[PDB]
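As structure tokens, the structure follows; a few thoughts come after it.
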Ligand code: HEM
Ligand code: HEM
């Protein structure tokens with residue numbers, strides 16, 4: 013099934029090895045730059061520590077032990093609602109500009 | 005006044021200013037080149053290789 | 001009352017650029033090449049000056065001057081071969097730098113990327129004129145071919161070619177103007193590299209992961225400065241091996257024959273670092289089409305920030321795209337080899353496919369693939 | 036009720052004229068209240084440099100007392116009947132309106148007939164009011180907005196009676212004598228230059244009878265101003281103790297009638313007004329307002345269209361800190377040239393609606409309606425009905441605005457008046473250069 | 002992109018077309034003048050005397 | 032609406048000098064304060 | 003851009019040791035060799051295939067060329 017290939021790509025991506033749940037690997041554009049800002053405090057702090065861990069590991073060229081690899085089924089999308097809201101607001105702004 | 009109509013027609017918009025600069029340069033080049041060449045020809049009349057070439 | 005490092009107006013920029021510059025903590029070795037370029041340029045400036053110390057850019061004495069450098073002047077051979085192999089190594093690091101920029105998503109930095117493209121153009125032009133200077137058979141004939149390529153431009157083709165030549169053919173005037181242009185251009189490269197660094201410093205740097213490292217920055221001085229020195233030492237190792245154990249390994253021996261405008265050499269292959277475009281130039285049957293393809297091969301780097309569509313900045317987490325990028329690198333190597341080879345049955349078609357696939361990866365395959373994993377990762 | 040029907044269903048401003056030349060006007064609609072005023076055609080515009088400030092002095096002395104109503108008795112009449120008496124004197128107009136109940140409209144008219152015709156001008160009262168004028172001028176010194184606007188009028192219309200302030204120089208205030216005030220009230224309060232306007236529940240026939248029974252014995256049936269000149273200049277009062285720096289920039293506007301007023305009021309409406317205590321902030325369609333709220337470089341800015349008879353001032357006044365004046369000038373000029381060169385339809389529609397709402401909402405209550413009547417009968421020569429205003433707004437489009445702003449804004453020498461920490465304010469050369477766009 | 006086109010941008014274009022087009026005319030005149038394009042100056046009255 | 036009220040209010044700013052008995056006239060409130068801020072209309076008070 | 007206007011971060015504790023008490027080469031080979039083997043395993047299947055197909059293309063071209071340069075029955 014399609015979930016098979018989704019899981020295969022998730023495992024092959026490698027950000028699960030570093031402990032990152034998808035949203036931590038986002039390219040920070042303007043909309044994203046606002047999306048992090050709108051995040052609540054707890055989620056923001058967790059994300060920043062998680063990225064700190066990844067940067068440390070990449071500097072050391074190491075990965076987490078197999079156990080603490082964020083599962084595909086446990087990858088929470090904490091940024092998708094905020095980012096989607098920012099995108100919708102930007103689309104509405106552009107439409108009003110038209 | 006002439007200058008007022010001139011300004012209104014072709015000096016207000018900077019695009020007209022640039023076009024006027026271009027065409028004025030194009031015509032002024034001919035005017036100045038002809039004038040300076042005539043002046044030099046007149047003051048050194050009979051000396052350059054233009055009063056004498058027909059003699060050979 | 002205040003630290004001179006952060007008080008002296010001149011020391012301000014140096015401290016903010018190399019001492020207290022916040023740099024990403026997880027920067028890999030692929031970024032060390034950024035220093036390796038600049039340092040290398042200085043050698044090209046340092047050596048290239050001393051070649052200019054003993055050099056008469058004249059058709060009847062340029063080759064004699066080069067031989068006198070390599071044979072009579074005290075350790076002149078050291079300077080000459082250091083300079084040539086340093087130019088080749090400079091292009092090696094330039095290609096690796098562009099590859100790093102493509103991989104870890106550095107072309108998001110826009111202004112630095114375009115300035116780097118201009119740097120690339122200027123460096124290739126400089127290397128072309130430099131290879132013209134020795135006035136060997138390959139020097140003269142490659143210069144003739146490459147400048148004749150400009151005749152493909154419509155209308156203004158012949159007049160432009162004769163303008164660049166400084167006459168009717170590559171001769172006294174061409175060499176004399178090429179030497180002065182080769183003198184001036186590296187200083188333009190230096191100023192433009194300063195502009196490159198100025199633009200880069202405002203956006204920090206792109207770590208291999210691609211996520212912002214604004215919260216893991218480290219001081220520059222005790223760190224990479226030493227790592228940059230280590231990289232420079234490795235670069236010196238490679239360069240010194242090349243100079244001291246096989247100076248003419250990367251160079252056609254035919255250049256050592258004095259340039260005779262009566263005998264076409266069996267092969268007119270340019271330096272190793274240009275064939276990748278030269279092969280493309282050979283691929284397109286149309287002359288104007290060939291020149292446009294040749295220039296567009298380098299210009300395609302400018303379009304890269306536009307073509308990127310994957311929501312991840314870096315290539316660290318995009319496997320299929322990584323396979324595509326390594327296919328691109330293999331294509332570049334294939335193009336170099338094809339440019340090395342003559343224009344015969346087995347090589348023409350290979351060059352055609354190599355050029356087509358090299359363009360196809362950058363324009364179509366990479367963005368279309370970037371769509372694919374975005375759909376795969378539920379976004 | 037389709038809006039246009041409502042404008043068509045507005046009671047007409049009935050206007051008549053007495054033999055003396057009194058323009059009597061009324062707008063009886065429904066209310067049991069009224070505002071009755073006599074809008075003089077006097078002011079600091081009709082004053083020589085010796086007489087500067089005489090209009091203000093006459094305005095102050097008007098309500099004190101009359102021969103028929105000695106002193107406080109006048110006040111006793113106004114307060115005991117519930118009426119609110121008030122006056123206002125700008126550079127070209129002067130009015131004394133007594134808001135009152137519609138039932139006691141007769142007495143008020145009589146009261147007004149006392150104030151404007153039969154004044155007192157008591158010498159002791161003259162000195163007592165001289166001191167008050169001096170202290171009130173020292174008060175107005177603190178008013179940054181008023182001071183900056185007077186600076187603008189001085190630097191723009193230099194060498195002309197428009198430059199003269201309403202209050203007059205402090206020297207004159209002491210040097211005015213009762214003879215000058217009597218001459219001013221006997222030379223600039225003549226019957227032809229009078230407008231008796233009443234709003235609220237005031238039947239026109241009753242108003243005419245009252246005017247003929249009270250204002251009859253007036254002047255029978262020359263000082264008529266001089267066309268002033270615009271002089272692109274600036275006054276910079278660098279004073280680095282004031283917290284904020286008030287700047288006002290203006291260009292020669294239209295005349296009072298000058299139909300170009302209608303498009304320009306739309307164009308200024310596009311710029312709009314912003315300050316720190318507003319709502320939406322970084323959402324207003326006004327680019328200046330949005331940028332100001334995004335960077336907080338503005339404390340309070342607005343667009344003014346002070347328009348006199350032969351000329352007028354059209355521009356903007358902004359209040360900001362010391363380090364944001366240049367950014368202000370840049371954005372303000374940039375928006376001006378943007379409207380000048382490419383105005384587009386949407387913001388023109390927004391400006392049309394904004395102007396419609398301004399004119400409609402302003403004309404509520406007896407005092408604003410009466411003020412409109414009195415001012416219209418003097419400036420335009422007629423009370424322009426709201427239906428006509430709607431008609432004049434309707435045909436204004438993007439091209440019309442783009443052309444009128446081109447004829448008023450593009451490449452025009454401005455007049456600048458800065459006060460406070462105005463060092464950051466660009467010199468006149470950069471400001472003048474802002475009014476032309478090389479990209480155009 | 003989709004951010005372009007639409008109502009507002011087309012009248013913006015209509016407003017700026019005369020200026021941009023005649024700036025291009027400025028550029029054409031400047032180019033022919035600087036480069037002395039014989040082809041074009043063949044068809045101007047005064048400047049035929051050059052050649 | 033189109034009207035910016037009248038008193039454009041600067042914070043970090045001083046008031047208008049009131050050194051007259053007449054100027055003073057009226058300052059004394061008679062009715063309770065009522066704050067009124069608004070979109071498109073500046074905030075003011077009334078006493 | 004200098005240190006201080008970089009980010010906001012909270013509840014992150016960072017320890018460290020001076021370079022003068024920690025060995026600069028802590029079990030260099032013992033942990034390095036498995037690390038390098040793992041890194042090579044991660045990327046070999048995605049790095050090598052294009053290079054080996056390039057090698058095949060190059061060798062194939064070499065012979066095909068020199069066969070084209072060979073003789074022919076006639
Ligand atoms: C951008 C950096 C530079 C590059 C890439 C470069 C490249 C080259 C190359 C490839 C050659 C041909 C060498 C040969 O065939 O033997 C050359 C020659 C030469 N270069 Fe440079 N060069 C650079 C900088 C300079 C500078 C700054 C100078 C002058 C100070 C200079 C002076 C010369 C001279 C005189 C020659 C002729 C002698 C020779 O053939 O080596 N070069 N250059
Ligand atoms: C004259 C030769 C060049 C020099 C001296 C030079 C110098 C530098 C230096 C020192 C860095 C910082 C170190 C690094 O990040 O690698 C850098 C970064 C960069 N350069 Fe260059 N560069 C040159 C050519 C180029 C070229 C050809 C490009 C591509 C068109 C380019 C684009 C970039 C980019 C995108 C970065 C940011 C990399 C990152 O931080 O992730 N540069 N350059």
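Protein chains in written order, with full-length UniProt numbering: chain A, 13 to 110; chain B, 5 to 60; chain C, 1 to 379; chain D, 36 to 256, 262 to 480; chain E, 2 to 52; chain F, 32 to 78; chain G, 3 to 76.
Quick reminder that beta carbons are idealized off the backbone N, C-alpha and C, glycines included.
**Q.** Among D:398, D:280, D:148 and D:278, nearest to residue 251 of chain D - alpha-carbon criterion
**A.** Residue 251 of chain D sits at position 216 when you count from the first residue of the fourth chain. It is D:148.
Q. Does DSSP classify residue 73 of chain A as helix, strand or coil?
A. Position 61 of the first chain, counted from the start, is the residue given in the question as residue 73 of chain A. Looking at residue 73 of chain A - three-state DSSP - the assignment turns out to be coil, as it is neither helix nor strand.
**Q.** Collapsed DSSP secondary structure at residue 256 of chain C in the structure displayed
**A.** Here residue 256 of chain C corresponds to residue number 256 of the third chain, with the count starting at 1. Helix.
Q.
Which residues neighbour ligand 1 when neighbourhood means a C-beta less than 6 angstroms away from any of its non-hydrogen atoms? List them by chain order.
A. C:41, C:44, C:45, C:48, C:49, C:51, C:52, C:55, C:66, C:80, C:83, C:84, C:87, C:90, C:123, C:126, C:127, C:130, C:131, C:133, C:134, C:182, C:183, C:186 and C:189
Q | Contacts of residue 311 of chain C in chain A (Cβ-Cβ under 7 angstroms) | A | Looking up residue 311 of chain C in the third chain gives position 311. In chain order: 38 and 39.
Q: Compute the Euclidean distance between the alpha carbons of residue 43 of chain G and residue 25 of chain A, then round it to the nearest angstrom.
A: Numbered from 1 along the seventh chain, position 41 holds the residue referred to as residue 43 of chain G. Numbered from 1 along the first chain, position 13 holds the residue referred to as residue 25 of chain A. So the alpha carbons of these two residues sit roughly 14 angstroms apart.
Q) Between the stretch 362 to 382 of chain D and the stretch 416 to 431 of chain D, do at least 3 Cβ pairs fall closer than 8 angstroms? A) no
(Q) Quick check on residue 40 of chain C - is its C-beta less than 8 angstroms from some C-beta in chain G? (A) Residue 40 of chain C sits at position 40 when you count from the first residue of the third chain. Chain G, which has no Cβ nearer than 8 angstroms to the Cβ of residue 40 of chain C, makes this no.
Q) Taking DSSP as the reference, what is the three-state secondary structure of residue 39 of chain A? A) The sequence position of residue 39 of chain A within the first chain is 27, counting from 1. Coil at residue 39 of chain A, not helix or strand.
Q | Residue-chain proximity (residue 15 of chain B, chain E), Cβ-Cβ < 8 angstroms | A | Counted from its first residue, the second chain places residue 15 of chain B at position 11. With 8 angstroms as the cut-off, residue 15 of chain B does not count as an interface residue toward chain E.
Q.
Can you give me the C-alpha to C-alpha distance between residue 302 of chain D and residue 436 of chain D, rounded to a whole angstrom?
A. Taking the fourth chain and counting its residues from 1, the one referred to as residue 302 of chain D is at position 262. Taking the fourth chain and counting its residues from 1, the one referred to as residue 436 of chain D is at position 396. For residue 302 of chain D and residue 436 of chain D, the distance between alpha carbons rounds to 8 angstroms.
(Q) Let me make sure I understand the geometry here. Which of C:208, C:258, C:285 and C:130 has the alpha-carbon closest to that of residue 63 of chain A? (A) Walking along the first chain from the start, residue 63 of chain A turns up at place 51. Nearest of C:208, C:258, C:285 and C:130 to residue 63 of chain A, Cα basis: C:208.
**Q.** C-beta neighbour in chain D for residue 28 of chain F, strict 8 angstroms
**A.** With chain F running from 32 to 78 in the structure shown, residue 28 of chain F is simply not present.
Q) Which chain F residues sit within Cβ distance under 8 angstroms of residue 316 of chain D? A) The residue you call residue 316 of chain D lines up with position 276 of the fourth chain. Those within 8 angstroms of residue 316 of chain D in chain F are 40, 41 and 42.
Q: Kindly indicate which three-state DSSP category residue 141 of chain D falls into: helix, strand or coil?
A: One-based indexing of the fourth chain puts residue 141 of chain D at position 106. DSSP places residue 141 of chain D in helix when its eight states are reduced to three.
Q) What's the call for residue 73 of chain F, buried or exposed, on a 16-neighbour Cβ count within 10 Å? A) Walking along the sixth chain from the start, residue 73 of chain F turns up at place 42. Residue 73 of chain F should be labelled buried.
Q: Could you check what DSSP says for residue 13 of chain A in three-state terms: helix, strand or coil?
A: For the purposes of this step, residue 13 of chain A is taken as residue 1 along the first chain, with counting starting at 1. If DSSP states are grouped into helix, strand and coil, residue 13 of chain A belongs with coil.
Q.
On the DSSP bridge list, what partners appear for residue 74 of chain D?
A. Here the question's residue 74 of chain D lines up with position 39 in the fourth chain. According to DSSP, residue 74 of chain D bridges with D:130.
Q: Just the chain D side, please: which residues come within less than 9 angstroms of residue 56 of chain F by C-beta, in chain order?
A: The residue you call residue 56 of chain F lines up with position 25 of the sixth chain. Within chain D, no residue comes near residue 56 of chain F; the closest Cβ sits about 11 angstroms away, beyond 9 angstroms.
Q | Contact test: residue 98 of chain C Cβ vs ligand 2 heavy atom, cutoff 7 angstroms | A | One-based indexing of the third chain puts residue 98 of chain C at position 98. For ligand 2, at least one heavy atom lies less than 7 angstroms from the Cβ of residue 98 of chain C.
Q.
Would you say residue 327 of chain D lies against chain E (beta-carbon separation less than 8 angstroms)?
A. As a working mapping, residue 327 of chain D is identified with position 287 in the fourth chain. Closer than 8 angstroms: no.
Q | Contact between the stretch 49 to 62 of chain G and the stretch 308 to 328 of chain C (3+ Cβ pairs under 8 angstroms) | A | yes
Q.
Whole angstroms are fine: how far does the CA of residue 287 of chain C sit from the CA of residue 149 of chain C?
A. One-based indexing of the third chain puts residue 149 of chain C at position 149. One-based indexing of the third chain puts residue 287 of chain C at position 287. Distance between the alpha carbons of residue 149 of chain C and residue 287 of chain C: 8 angstroms.
**Q.** With 16 other Cβ atoms within 10 Å as the buried cut-off, status of residue 46 of chain E
**A.** One-based indexing of the fifth chain puts residue 46 of chain E at position 45. Counting Cβ neighbours within 10 Å, residue 46 of chain E comes out exposed, since fewer than 16 surround it.
Q. Under the criterion of a Cβ to heavy atom distance below 7 angstroms, does residue 196 of chain C qualify as lining ligand 2?
A. The residue you call residue 196 of chain C lines up with position 196 of the third chain. Correct: residue 196 of chain C has its Cβ closer than 7 angstroms to ligand 2.
**Q.** Under 7 angstroms by beta carbon: chain A residues contacting residue 4 of chain E
**A.** Locating residue 4 of chain E in the fifth chain gives position 3, counting from the first residue. By Cβ distance, chain A contributes 106.
Q: Jot down the residue ranges of each uninterrupted alpha helix (DSSP H) in the stretch 197 to 244 of chain D, minimum 4 residues, whole runs only, in chain order.
A: 205 to 210 and 213 to 222
Q. Among all the DSSP beta bridges, which residues are the ones paired with residue 75 of chain F?
A. Your numbering for residue 75 of chain F matches position 44 in the sixth chain. Note: residue 75 of chain F sits in a beta bridge opposite F:67.
(Q) Quick check on residue 275 of chain D: does DSSP put it in helix, strand or coil? (A) Within the fourth chain, the letter at position 235 stands for residue 275 of chain D. Three-state DSSP puts residue 275 of chain D in a strand.
Q: Could you tell me whether the stretch 65 to 77 of chain D touches the stretch 138 to 146 of chain D, using the rule of 3 or more Cβ pairs below 8 angstroms?
A: yes
Q.
For the stretch 46 to 64 of chain A, list every residue whose C-beta sits within 9 angstroms of some C-beta in chain G, in sequence order.
A. 53, 56, 57, 60, 61 and 64
Q: Could you round the C-beta distance between residue 232 of chain C and residue 35 of chain C to whole angstroms and report it? I think they count as a contact, below 8 angstroms.
A: Residue 232 of chain C sits at position 232 when you count from the first residue of the third chain. Residue 35 of chain C sits at position 35 when you count from the first residue of the third chain. That pair is a contact at about 7 angstroms.
Q: For residue 52 of chain B, go through chain E and note every residue whose CB falls closer than 9 angstroms to its CB, in chain order.
A: Here residue 52 of chain B corresponds to residue number 48 of the second chain, with the count starting at 1. The contacting residues do not exist; residue 52 of chain B stays about 19 angstroms from chain E at best.
Q) Any C-beta of chain G sitting closer than 8 angstroms to the C-beta of residue 171 of chain C? A) As a first step, residue 171 of chain C must be located in the third chain, where it is residue number 171. No, no contact with chain G.
Q. Using a Cβ-Cβ distance under 8 angstroms, would residue 16 of chain A count as near chain C?
A. By one-based count along the first chain, residue 16 of chain A stands at place 4. No, because no Cβ of chain C sits closer than 8 angstroms to the Cβ of residue 16 of chain A.
Q. Hey, is residue 80 of chain A's beta-carbon within less than 8 angstroms of any beta-carbon in chain G?
A. Within the first chain, the letter at position 68 stands for residue 80 of chain A. It does not; no Cβ of chain G falls within 8 angstroms.
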